Amino acid sequence: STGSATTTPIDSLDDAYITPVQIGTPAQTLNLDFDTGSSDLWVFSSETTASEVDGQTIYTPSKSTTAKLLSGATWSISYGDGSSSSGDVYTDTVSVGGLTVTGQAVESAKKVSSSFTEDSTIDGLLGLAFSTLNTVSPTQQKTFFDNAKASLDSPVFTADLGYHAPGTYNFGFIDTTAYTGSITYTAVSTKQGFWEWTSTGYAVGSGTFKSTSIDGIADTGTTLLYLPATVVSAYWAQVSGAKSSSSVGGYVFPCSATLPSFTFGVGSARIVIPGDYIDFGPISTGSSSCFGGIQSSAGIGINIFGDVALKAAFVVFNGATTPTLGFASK
């Protein structure tokens, strides 16, 4: 089997991407944030504290003839940015782009933090990291990809995120029309439960390439590119007036600037992030100070190849017995 679904930016800045997901019988369609940096499929629901729901579409398991309470099971997750959610668990039928999993754990939110409530466009998350990170207790549950894997034509999914435009998540096949040149594959460590890999270096604008190993995660659920302070400083040093602002919480730059590109290495291959992808616009409405899309990972504890990086590539998440990651230009 295969599946194919379009993923759409939630706003003009590409702060996140939503993909429609069919849950239950009859189908209830929710728009979920596909997140290769976590491993829980959770949704706003009829159980979510009413004051914490503001415009989201909810899953109502009582209206699904295939929903079954997973007795005794609870979940609770906290993300790096301080957001969180928790609740109980149902199993139900979940389909993405024509690909159907029966008995998928659908984690129903009883509580969500303010940032989720304030995001009216995101109805939940669909995790695509390794199932070892799943938070369901006392019986850990598998991700949608893990459940689908054996049935897929090939045990893979691909992320093709757009810049200010829709893109595609595919399951079970590689669309050879969706990228240019060849796909370069690179090793993955699953030791932390992430799609963790080592970039071979970077360049800033038309500058020379610096060969240096950068361990990080391919994370569709994080907006920005978080890299070591040395790398980030080298980038922003090429933008007149750019500075790190503790009050804003990162690098900002004059909105009048033209940003240089940023290149990252995948083995001997190179992925170029155009300067425009690094512009996240005014810090507040009407400001002439703009927020940068490349930020320091110092104090995160891990480097994160978030949407800023991934949207510059066609990315293969290869879930073979020994997983690997593939990157192509597009």
# chains A, B, ... in the order shown; residues from 1 in each chain; ligands from 1

$ closest_atom_pairs --of "region 51-170 of chain A" --to "region 287-304 of chain A" --cutoff "12 Å" --atoms "only C-alpha atoms" --output "Markdown table"
| residue | atom | partner | partner_atom | distance |
| --- | --- | --- | --- | --- |
| A:79 | CA | A:300 | CA | 11.2 |
| A:80 | CA | A:300 | CA | 7.6 |
| A:81 | CA | A:300 | CA | 9.5 |
| A:82 | CA | A:300 | CA | 11.6 |

$ residues_around --residues "residue 231 (chain A)" --least-positions-apart "2" --cutoff "12 Å" --atoms "only C-alpha atoms" --output "MDAnalysis selection string"
chainID A and resid 201:204 209:214 225:229 233:238 262:264 294:298 303

$ closest_atom_pairs --of "region 217-297 of chain A" --to "region 316-322 of chain A" --cutoff "12 Å" --atoms "only C-alpha atoms" --output "CSV"
residue,atom,partner,partner_atom,distance
A:217,CA,A:317,CA,11.7
A:218,CA,A:317,CA,9.1
A:219,CA,A:317,CA,10.9
A:220,CA,A:317,CA,11.2

$ closest_residue --among "A:240, A:189, A:4, A:154" --to "residue 325 (chain A)" --atoms "only C-alpha atoms"
A:189

$ select_by_dssp --residues "region 92-241 of chain A" --states "helix (DSSP H, G or I)" --output "PyMOL selection string"
chain A and resi 114-118+131-133+144-151+229-236

$ select_by_dssp --residues "region 34-100 of chain A" --states "strand (DSSP E)" --output "PyMOL selection string"
chain A and resi 34-35+41-43+68-78+84-96+99-100

$ closest_residue --among "A:207, A:155, A:9, A:260" --to "residue 173 (chain A)" --atoms "only C-alpha atoms"
A:155

$ atom_distance --atom1 "CA of residue 87 (chain A)" --atom2 "CA of residue 134 (chain A)"
13.4 Å

$ closest_atom_pairs --of "region 217-318 of chain A" --to "region 161-167 of chain A" --cutoff "9 Å" --atoms "only C-alpha atoms" --output "Markdown table"
| residue | atom | partner | partner_atom | distance |
| --- | --- | --- | --- | --- |
| A:220 | CA | A:161 | CA | 8.7 |
| A:277 | CA | A:163 | CA | 7.0 |
| A:307 | CA | A:161 | CA | 7.6 |
| A:308 | CA | A:163 | CA | 8.7 |
| A:310 | CA | A:161 | CA | 7.0 |
| A:311 | CA | A:161 | CA | 4.6 |
| A:312 | CA | A:161 | CA | 7.8 |
| A:313 | CA | A:161 | CA | 7.8 |
| A:314 | CA | A:161 | CA | 7.8 |
| A:315 | CA | A:161 | CA | 9.0 |

$ write_last_selection --atoms "N, CA, C and O atoms" --output "CSV table (one decimal), in the first residue's frame"
chain,number,residue,atom,x,y,z
A,220,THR,N,10.3,17.7,11.4
A,220,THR,CA,9.3,18.5,10.7
A,220,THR,C,8.4,19.3,11.7
A,220,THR,O,7.7,20.2,11.2
A,277,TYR,N,14.2,32.0,3.0
A,277,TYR,CA,13.6,31.0,3.8
A,277,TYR,C,13.9,31.3,5.3
A,277,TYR,O,13.4,30.7,6.2
A,307,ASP,N,12.0,22.9,9.9
A,307,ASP,CA,11.3,23.2,8.7
A,307,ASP,C,12.2,24.1,7.8
A,307,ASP,O,12.2,23.9,6.5
A,308,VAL,N,12.8,25.1,8.3
A,308,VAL,CA,13.7,26.0,7.5
A,308,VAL,C,14.7,25.2,6.7
A,308,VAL,O,14.9,25.6,5.5
A,310,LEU,N,14.5,21.6,6.2
A,310,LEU,CA,13.9,20.5,5.5
A,310,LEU,C,13.1,21.0,4.3
A,310,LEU,O,13.1,20.2,3.3
A,311,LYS,N,12.5,22.2,4.3
A,311,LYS,CA,11.7,22.6,3.2
A,311,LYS,C,12.6,22.9,1.9
A,311,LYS,O,12.1,23.1,0.8
A,312,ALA,N,13.9,23.0,2.1
A,312,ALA,CA,14.9,23.2,1.0
A,312,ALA,C,15.2,21.9,0.3
A,312,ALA,O,15.9,21.9,-0.6
A,313,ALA,N,14.7,20.8,0.8
A,313,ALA,CA,15.0,19.5,0.3
A,313,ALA,C,13.8,18.6,0.2
A,313,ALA,O,12.7,18.8,0.7
A,314,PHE,N,14.0,17.5,-0.6
A,314,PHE,CA,13.1,16.3,-0.6
A,314,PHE,C,13.8,15.4,0.4
A,314,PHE,O,15.0,15.0,0.2
A,315,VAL,N,13.0,14.9,1.4
A,315,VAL,CA,13.6,14.2,2.5
A,315,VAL,C,13.0,12.8,2.6
A,315,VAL,O,11.8,12.7,2.8

$ residues_around --residues "residue 221 (chain A)" --least-positions-apart "5" --cutoff "10 Å" --atoms "only C-alpha atoms" --output "list in words"
residues 15, 16, 17, 33, 34, 35, 36, 37, 38, 125, 126, 127, 128, 305, 306 and 307 of chain A

$ write_last_selection --atoms "N, CA and C atoms" --output "PDB file, in the first residue's frame"
ATOM      1  N   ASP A  15       4.988  28.819   9.817  1.00  0.00           N
ATOM      2  CA  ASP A  15       5.315  28.500  11.221  1.00  0.00           C
ATOM      3  C   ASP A  15       5.142  27.012  11.513  1.00  0.00           C
ATOM      4  N   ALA A  16       4.268  26.379  10.750  1.00  0.00           N
ATOM      5  CA  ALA A  16       4.046  24.949  10.863  1.00  0.00           C
ATOM      6  C   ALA A  16       3.213  24.514   9.665  1.00  0.00           C
ATOM      7  N   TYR A  17       3.060  23.209   9.501  1.00  0.00           N
ATOM      8  CA  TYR A  17       2.329  22.642   8.372  1.00  0.00           C
ATOM      9  C   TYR A  17       1.256  21.684   8.872  1.00  0.00           C
ATOM     10  N   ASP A  33      -0.464  18.286  12.665  1.00  0.00           N
ATOM     11  CA  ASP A  33       0.915  18.707  12.467  1.00  0.00           C
ATOM     12  C   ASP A  33       1.776  17.445  12.509  1.00  0.00           C
ATOM     13  N   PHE A  34       2.249  17.005  11.339  1.00  0.00           N
ATOM     14  CA  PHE A  34       3.096  15.820  11.245  1.00  0.00           C
ATOM     15  C   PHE A  34       4.478  16.140  11.798  1.00  0.00           C
ATOM     16  N   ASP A  35       4.899  15.377  12.803  1.00  0.00           N
ATOM     17  CA  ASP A  35       6.056  15.759  13.602  1.00  0.00           C
ATOM     18  C   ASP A  35       7.064  14.624  13.693  1.00  0.00           C
ATOM     19  N   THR A  36       8.120  14.694  12.884  1.00  0.00           N
ATOM     20  CA  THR A  36       9.170  13.673  12.934  1.00  0.00           C
ATOM     21  C   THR A  36      10.071  13.784  14.173  1.00  0.00           C
ATOM     22  N   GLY A  37       9.771  14.738  15.057  1.00  0.00           N
ATOM     23  CA  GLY A  37      10.491  14.907  16.307  1.00  0.00           C
ATOM     24  C   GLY A  37       9.754  14.399  17.541  1.00  0.00           C
ATOM     25  N   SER A  38       8.586  13.789  17.360  1.00  0.00           N
ATOM     26  CA  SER A  38       7.867  13.163  18.472  1.00  0.00           C
ATOM     27  C   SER A  38       7.092  11.955  17.974  1.00  0.00           C
ATOM     28  N   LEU A 125      -1.323  16.602  16.771  1.00  0.00           N
ATOM     29  CA  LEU A 125      -0.029  16.219  16.192  1.00  0.00           C
ATOM     30  C   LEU A 125      -0.061  14.746  15.788  1.00  0.00           C
ATOM     31  N   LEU A 126       0.675  14.419  14.733  1.00  0.00           N
ATOM     32  CA  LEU A 126       0.885  13.043  14.348  1.00  0.00           C
ATOM     33  C   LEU A 126       2.386  12.786  14.349  1.00  0.00           C
ATOM     34  N   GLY A 127       2.841  12.070  15.363  1.00  0.00           N
ATOM     35  CA  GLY A 127       4.264  11.851  15.527  1.00  0.00           C
ATOM     36  C   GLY A 127       4.826  10.802  14.587  1.00  0.00           C
ATOM     37  N   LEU A 128       6.034  11.063  14.105  1.00  0.00           N
ATOM     38  CA  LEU A 128       6.704  10.196  13.143  1.00  0.00           C
ATOM     39  C   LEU A 128       8.161   9.936  13.515  1.00  0.00           C
ATOM     40  N   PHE A 305      17.405  20.264  12.717  1.00  0.00           N
ATOM     41  CA  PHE A 305      17.134  20.582  11.328  1.00  0.00           C
ATOM     42  C   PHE A 305      15.619  20.619  11.169  1.00  0.00           C
ATOM     43  N   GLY A 306      15.060  21.774  11.505  1.00  0.00           N
ATOM     44  CA  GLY A 306      13.637  22.020  11.420  1.00  0.00           C
ATOM     45  C   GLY A 306      13.194  22.430  10.026  1.00  0.00           C
ATOM     46  N   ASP A 307      11.970  22.940   9.944  1.00  0.00           N
ATOM     47  CA  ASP A 307      11.344  23.197   8.656  1.00  0.00           C
ATOM     48  C   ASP A 307      12.182  24.118   7.754  1.00  0.00           C
TER      49      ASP A 307
END

$ atom_distance --atom1 "CA of residue 328 (chain A)" --atom2 "CA of residue 309 (chain A)"
12.0 Å

$ residues_around --residues "residue 185 (chain A)" --least-positions-apart "5" --cutoff "8 Å" --atoms "only C-alpha atoms" --output "JSON, numbers by chain"
{"A": [266, 267, 324, 325, 326, 327]}

$ write_last_selection --atoms "N, CA, C and O atoms" --output "PDB file, in the first residue's frame"
ATOM      1  N   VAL A 266      25.274  17.007   3.286  1.00  0.00           N
ATOM      2  CA  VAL A 266      24.763  15.656   3.473  1.00  0.00           C
ATOM      3  C   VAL A 266      25.756  14.785   2.746  1.00  0.00           C
ATOM      4  O   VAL A 266      25.751  14.725   1.520  1.00  0.00           O
ATOM      5  N   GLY A 267      26.648  14.149   3.498  1.00  0.00           N
ATOM      6  CA  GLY A 267      27.750  13.460   2.871  1.00  0.00           C
ATOM      7  C   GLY A 267      28.478  14.448   1.974  1.00  0.00           C
ATOM      8  O   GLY A 267      28.772  15.576   2.379  1.00  0.00           O
ATOM      9  N   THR A 324      17.761   4.977   7.683  1.00  0.00           N
ATOM     10  CA  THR A 324      18.636   6.005   7.154  1.00  0.00           C
ATOM     11  C   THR A 324      17.789   7.195   6.741  1.00  0.00           C
ATOM     12  O   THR A 324      16.555   7.104   6.700  1.00  0.00           O
ATOM     13  N   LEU A 325      18.456   8.309   6.454  1.00  0.00           N
ATOM     14  CA  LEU A 325      17.809   9.518   5.951  1.00  0.00           C
ATOM     15  C   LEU A 325      18.377   9.832   4.586  1.00  0.00           C
ATOM     16  O   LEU A 325      19.585   9.693   4.371  1.00  0.00           O
ATOM     17  N   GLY A 326      17.521  10.269   3.668  1.00  0.00           N
ATOM     18  CA  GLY A 326      17.964  10.716   2.359  1.00  0.00           C
ATOM     19  C   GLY A 326      17.565  12.153   2.090  1.00  0.00           C
ATOM     20  O   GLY A 326      16.489  12.575   2.493  1.00  0.00           O
ATOM     21  N   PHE A 327      18.459  12.904   1.449  1.00  0.00           N
ATOM     22  CA  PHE A 327      18.195  14.285   1.068  1.00  0.00           C
ATOM     23  C   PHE A 327      18.504  14.495  -0.405  1.00  0.00           C
ATOM     24  O   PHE A 327      19.574  14.103  -0.882  1.00  0.00           O
TER      25      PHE A 327
END

$ atom_distance --atom1 "CA of residue 86 (chain A)" --atom2 "CA of residue 119 (chain A)"
16.6 Å

$ closest_residue --among "A:109, A:53, A:152, A:32" --to "residue 94 (chain A)" --atoms "only C-alpha atoms"
A:32
